[PDB]
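Chemist: My questions will all concern the structure given below.
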Amino acid sequence: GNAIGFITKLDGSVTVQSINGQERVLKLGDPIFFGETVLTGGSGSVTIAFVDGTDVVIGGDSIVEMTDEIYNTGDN
């Protein structure tokens, strides 16, 4: 898997379920890859700055998978 973005802001309890269903803990500056399922808890808040130029923010006690709707590429 290729790293599609990187953490620039992070807060609360967070985890990411990589495409094997492997839950990895996230910290600032961690690489986000296409297909992982982010798992935030309580006061979770994360900013994933995509390597295309866009960013993203994840809420708390929320779950979202890093997909195309997530990573809207401007170039290609």
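Chemist: Out of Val25, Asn76, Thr54, whose Cα points farthest toward the positive end of the dipole of the chain (charges: +1 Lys, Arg; -1 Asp, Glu; placed on Cβ)?
Modeler: Positive-end residue among those listed: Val25.
Chemist: Counting other beta carbons within 10 Å of each Cβ, put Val46, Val57, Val64 in order, fewest first.
Modeler: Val57, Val64, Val46
Chemist: Give me the net charge for the shell around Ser18: Cβ to Cβ below 14 angstrom, other residues only, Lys and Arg +1, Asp and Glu -1.
Modeler: -3
Chemist: Normalised by the residues of the chain, what does the relative contact order come to in percent, with Cα pairs under 8 Å and at least six apart?
Modeler: Relative contact order comes out at 32 percent.
Chemist: Per residue and in cubic angstrom, what volume does the convex hull of the Cα atoms of the chain have?
Modeler: Spread over its residues, the Cα hull of the chain gives 71 Å³ apiece.
Chemist: Please give the charge dipole size of the chain, origin at the Cα centre, charges +1 on K and R Cβ atoms and -1 on D and E Cβ atoms. Round to the nearest 20 debye.
Modeler: It works out to roughly 260 debye.
Don't worry about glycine lacking a Cβ; one is built from the backbone with ideal geometry, like all the others, and counts go over all protein chains shown. Bear in mind that the values in this text are calculations on the coordinates, not laboratory data.
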